[PDB]
Amino acid sequence: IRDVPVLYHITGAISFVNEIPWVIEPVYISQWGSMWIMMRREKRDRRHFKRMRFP
Amino acid sequence: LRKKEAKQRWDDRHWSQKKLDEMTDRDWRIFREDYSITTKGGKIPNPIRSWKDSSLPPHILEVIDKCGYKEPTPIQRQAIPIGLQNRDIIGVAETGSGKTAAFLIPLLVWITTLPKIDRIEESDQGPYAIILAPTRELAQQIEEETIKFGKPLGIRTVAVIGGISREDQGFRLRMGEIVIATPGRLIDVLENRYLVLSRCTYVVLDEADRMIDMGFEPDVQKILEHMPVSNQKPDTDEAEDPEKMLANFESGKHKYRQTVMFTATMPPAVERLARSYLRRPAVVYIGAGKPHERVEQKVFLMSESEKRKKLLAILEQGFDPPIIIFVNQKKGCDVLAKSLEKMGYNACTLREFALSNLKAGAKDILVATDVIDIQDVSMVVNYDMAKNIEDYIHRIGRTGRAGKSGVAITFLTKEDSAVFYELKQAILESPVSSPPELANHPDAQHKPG
Amino acid sequence: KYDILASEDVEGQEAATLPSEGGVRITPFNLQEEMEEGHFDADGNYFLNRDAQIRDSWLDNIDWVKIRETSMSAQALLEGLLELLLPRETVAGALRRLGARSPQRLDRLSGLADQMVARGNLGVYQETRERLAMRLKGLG
């Protein structure tokens, strides 16, 4: 879950996310490294992996 | 580091080398997703991994072993735990996947597990289960399967459908536990008081979409009106409770009635029928004479001299034994078998001894020409292209009439241009198949001759 | 320029009215539409009227014919919102003080504010109770 600031119109006509995604670069790269490790360790466990159905 | 590697290896194992008490939720998910089964509903019981690993009664296991079913189908393996809990089940699957066995197994277990005092009935109160079929041929096939399954267990099966003489059907009904019939014939019998569902505790709806397309929906609604309403499960959360459902199933003859619906589609009429007959049912989704339409076909175009390298590369990627290799001549088949044996592969040439070895796992690759009976194979390799479409279709049919689609790999050369059009037509007619090389080939644009 | 041939010259231009049948379109038996799109010549050519307009790649090729597929009174609303409104507090902060989650009072007040905007004034959320009570007195 990510709770983001929102700046909307008073009629609901349009709703912006009033945020910029700042990251600490070492932490972001390390988090995606752990991600790489995990998504590789899982695919080798599920030999029949069911992709999401689009749309 | 080796001890750490071994521990790591040991945590996330495949279920092929794990025990059941250590089978975690994620391992179970990998299992069900492998068998192409998807379950809708809460508190879904763990699927049956194998007959030995299943919790079936010893008599039922012996009967199944005598029946020759080495491994339960994914539909059966996923529906048996649900059926054993006396909960309604919605089966998404086509004919030929073993749905009849998956529906009969819980009924046979419950019927055969009843006490002798409880199973004694002085008067005939009709069958304890009703199986509905939309077609006479399907009803006859289901009756044959039920006779094969329940005959050793002392269960009487009566088939009441069209295409049979009235006197024979009437005489059989007077004898008095399982009834399989069509909607119209069953409705006519019920309206005439020729059979009753006083002791009915299981309703089987096979091919509900087919029955709806046949216009039997009003007939099905009328038939359900004759069932006792007092045996219907409550329409609350308790209908899908695992402990409560298991306790109700263990109640024997006093257990609430269960309904199982198997169909390939869920139209609005099917939804209404499910809402009427079923209460908090669980949805189980899985996934005859045209193997090309239901068999995955792969085509690789190259020279004749490159066939061996491609076959070696494909084999190096791994496969599920047994496998079938197709050759045009016996000498070529023998040469290919010798080459495979030189590459450290257990290759069989092609009587019953080779098939027994392949079934037992000793032999992994079977090489034979277009010229018996063999089990379903995970992959069929067409090293030499068949000279006719019928031969290729028959070879592609070795992957199985139903169940896993399998893989059909055929090597196409310039000498097989006479069957390019037929191969392209077969491939384009297979929804389980993805080939621009053959479809756009100049030799596949017009019929030969 | 070459005299554009009349649609009577070909004759047999039956005034068909069916737009389509069996999915496929029904061409008009009259060349009035084709003549309008691009005029014929005196000898059956197709000088096409140059379509000088904006580009719309979806329209020029429609996927090969594609697939062919009650409000309360203003005084009543003001009185109700005033009843829902805490002393010396606007409508907006009134949403705030009740938004730290009476819930029913909260969505009632929010709805009132919403159709009050729908009336035609967007400064609803920037008015204290004194101003809107004065407005109610002025209209009353």
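Assorted remarks:
- Test: residue in region C:59-82 that is away from chain A (no Cβ under 14 Å), charged (D, E, K, R) and surrounded by 12 or more Cβ atoms within 10 Å (Cβ to Cβ): yes
- Test: residue in region A:12-29 that is assigned to a helix (DSSP H, G or I) and within 14 Å of chain B (Cβ to nearest Cβ): no
- Within region C:113-140, residues that are more than 14 Å from chain A (Cβ to nearest Cβ) have Cβ atoms under 6 Å from residues that are among the small types (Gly, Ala, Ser) and in a helix (DSSP H, G or I) in no pair, counting only partners at least 6 apart in sequence or on another chain.
- Test: B:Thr39 is within 14 Å of chain A (Cβ to nearest Cβ), surrounded by fewer than 21 Cβ atoms within 10 Å (Cβ to Cβ) and out of contact with any helix residue (DSSP H, G or I) (no Cβ under 7 Å at 6 or more places or on another chain): no
- Within region A:30-44, considering residues that are within 14 Å of chain B (Cβ to nearest Cβ) and in a helix (DSSP H, G or I), the one surrounded by the most Cβ atoms within 10 Å (Cβ to Cβ): A:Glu42
- Residue count, region C:29-78 (criterion: among the small types (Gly, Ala, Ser), within 30 Å of C:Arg119 (Cα to Cα) and within 24 Å of the chain's Cα centre (by Cα)): 1
- Qualifying residue in region C:98-107 (condition: of a type in the set (A, V, I, L, M, F, W, C), out of contact with any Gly (no Cβ under 7 Å at 6 or more places or on another chain), surrounded by 10 or more Cβ atoms within 10 Å (Cβ to Cβ) and more than 14 Å from chain A (Cβ to nearest Cβ)): yes
- Hits in region B:123-142 (condition: surrounded by fewer than 15 Cβ atoms within 10 Å (Cβ to Cβ) and more than 20 Å from B:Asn86 (Cβ to Cβ)): B:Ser123, B:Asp124, B:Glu137
- For region B:264-278, the criterion of being out of contact with any strand residue (DSSP E or B) (no Cβ under 7 Å at 6 or more places or on another chain), under 30 Å from B:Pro218 (Cα atoms) and of a type in the set (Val, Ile, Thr) is met by at least one residue.
- Of the residues examined, A:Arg47 is one that is assigned to a loop (DSSP other than H, G, I, E, B), within 14 Å of chain B (Cβ to nearest Cβ) and surrounded by 10 or more Cβ atoms within 10 Å (Cβ to Cβ).
- Some residue of region B:17-24 being over 22 Å from B:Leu107 (Cα atoms), within 14 Å of chain A (Cβ to nearest Cβ) and either in contact with a strand residue (DSSP E or B) (Cβ under 6 Å, 6 or more places away or on another chain) or of a type in the set (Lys, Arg) (or both): yes
- Filtering B:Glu33, B:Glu71 for residues that are of a type in the set (D, E, K, R), within 14 Å of chain A (Cβ to nearest Cβ) and surrounded by fewer than 17 Cβ atoms within 10 Å (Cβ to Cβ) leaves a single hit, B:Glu33.
- Condition check for B:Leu1: among the aliphatic types (A, V, I, L, M), more than 13 Å from every other protein chain (Cβ to nearest Cβ) and touching a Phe, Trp or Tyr at 6+ places or on another chain (Cβ under 9 Å): no
- Residue pairs meeting the criteria (Cβ under 8 Å; at least 6 apart or on separate chains; first under 19 Å from B:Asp25 (Cβ atoms), in region A:24-44; second of a type in the set (D, E, K, R)): A:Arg41/B:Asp12
- Listed by first and then second residue, the pairs linking a residue in region B:88-116 that is over 19 Å from B:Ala282 (Cβ atoms) to a residue that is basic (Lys, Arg), with Cβ atoms under 7 Å apart and 6 or more places separating them unless they lie on different chains, are B:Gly96/B:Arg401; B:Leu114/B:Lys253.
As a convention, Cβ positions derive from the backbone with ideal geometry for all residues, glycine included, and neighbour counts pool all protein chains shown. Coordinate-derived values only; no laboratory data.
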